[PDB]
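# Residue-level structure breakdown
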There are 2 protein chains.
Amino acid sequence: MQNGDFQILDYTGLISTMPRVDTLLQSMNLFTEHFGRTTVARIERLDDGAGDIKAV
Amino acid sequence: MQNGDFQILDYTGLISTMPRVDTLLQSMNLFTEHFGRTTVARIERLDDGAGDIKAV
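Per the deposited record, the coordinates in this entry were obtained by cryo-EM to a resolution of 3.6 Å.

This is the structure in structure tokens:
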């Protein structure tokens, strides 16, 4: 590596830094992946239960 | 050994001591070594990150 016009110098190394990227949620694997075709999706719900019987 | 000029003495060997020499820091092998040619050294640093992609 070149120093001033009439002098030289020795290059040593490179230092690099980058912010951390988190992957905890990815690791936990709580999300299921679906590969569709369109840009619209449907979800179906069906809720059921029961009541109480009165004397007659 | 003789004493004065006509008597004798018993010799009890040598006694020697030396001061401390601490190598705890050196032993850990923390530092690295680089050998070059000139008297002036350069270093280079590179910083990189990421961006917050939005929806369009």
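## Let's talk about the environment of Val 21 of chain A
Within the fold, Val 21 of chain A resides in the loop between β1 (10-17) and α1 (24-28). Exposure remark for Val 21 of chain A: the relative accessible area of 68% places this residue in the exposed category.

## Re the pattern of salt bridges
A side chain with one charge may pair with a side chain of the opposite charge, provided their charged atoms come close. All names here are of chain B. Taken as a whole and assessed by the stated rule, the structure comprises one salt bridge over all chains. Between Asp 47 and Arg 45 there is a salt bridge, with the nearest N and O atoms lying 3.5 Å from each other. The exposure classification of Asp 47 matches that of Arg 45, with both residues exposed.

## Some details on the environment of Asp 48 of chain A
Residue placement: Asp 48 of chain A occurs in the segment after α1. Between the C-alpha atom of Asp 48 of chain A and that of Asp 10 of chain A, which follows or precedes it by 38 residues, the distance is 78 Å.

## Some remarks on the interface of chain B and chain A
Of the residues lining the interface, 13 residues belong to chain B; the matching set on chain A comes to 15 residues. For the chain B and chain A pair, buried surface summed over both sides reaches about 1,300 Å², with 53% attributable to carbon and sulfur atoms. The tally of links between chain B and chain A comes to twelve residue pairs in polar contact. Counted by class, the side of chain B that touches chain A contains four nonpolar, three polar and six charged residues.

## Describing the pairing of strand β3 (residues 41-47) of chain B
Taking burial as the measure, the seven residues of β3 of chain B include zero buried ones, a minor fraction of the element. Across six bridges, β1 of chain A lies against β3 of chain B in parallel orientation. Note on β3 of chain B: the bridge partner recorded for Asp 10 of chain A is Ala 41 of chain B.

## Observations regarding unusual backbone geometry
Residue and element names in this part refer to chain A. The residue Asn 29 is not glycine, and still its phi comes out positive at about 55°. Along the chain, the position of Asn 29 falls in the segment after α1. Looking at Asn 29, the relative accessible area reads 63%, which means it is exposed.

Rules used throughout
Residues numbered from 1 in each chain as written, not as in the entry; some residues may be left out. Chains lettered and ligands numbered in written order. Part of a larger assembly, values for the part shown. Heavy atoms only, no water. Helix = DSSP H or I, 4+ residues; strand = E, 2+ residues; numbered from the N terminus. Buried < 20%, exposed > 50% of the residue type's maximum accessible area, 1.4 Å probe, protein only. Salt bridge = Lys/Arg side-chain N within 4 Å of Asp/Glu carboxyl O. Contact = heavy atoms within 4.5 Å. Buried area = accessible area lost by both parts, 1.4 Å probe. Polar contact = N/O pair within 3.5 Å; in protein donor to acceptor, adjacent residues only side chain to side chain. Nonpolar A, V, L, I, M, F, W, Y, C, P; charged D, E, K, R; others polar. Pairing = 2+ DSSP bridges.

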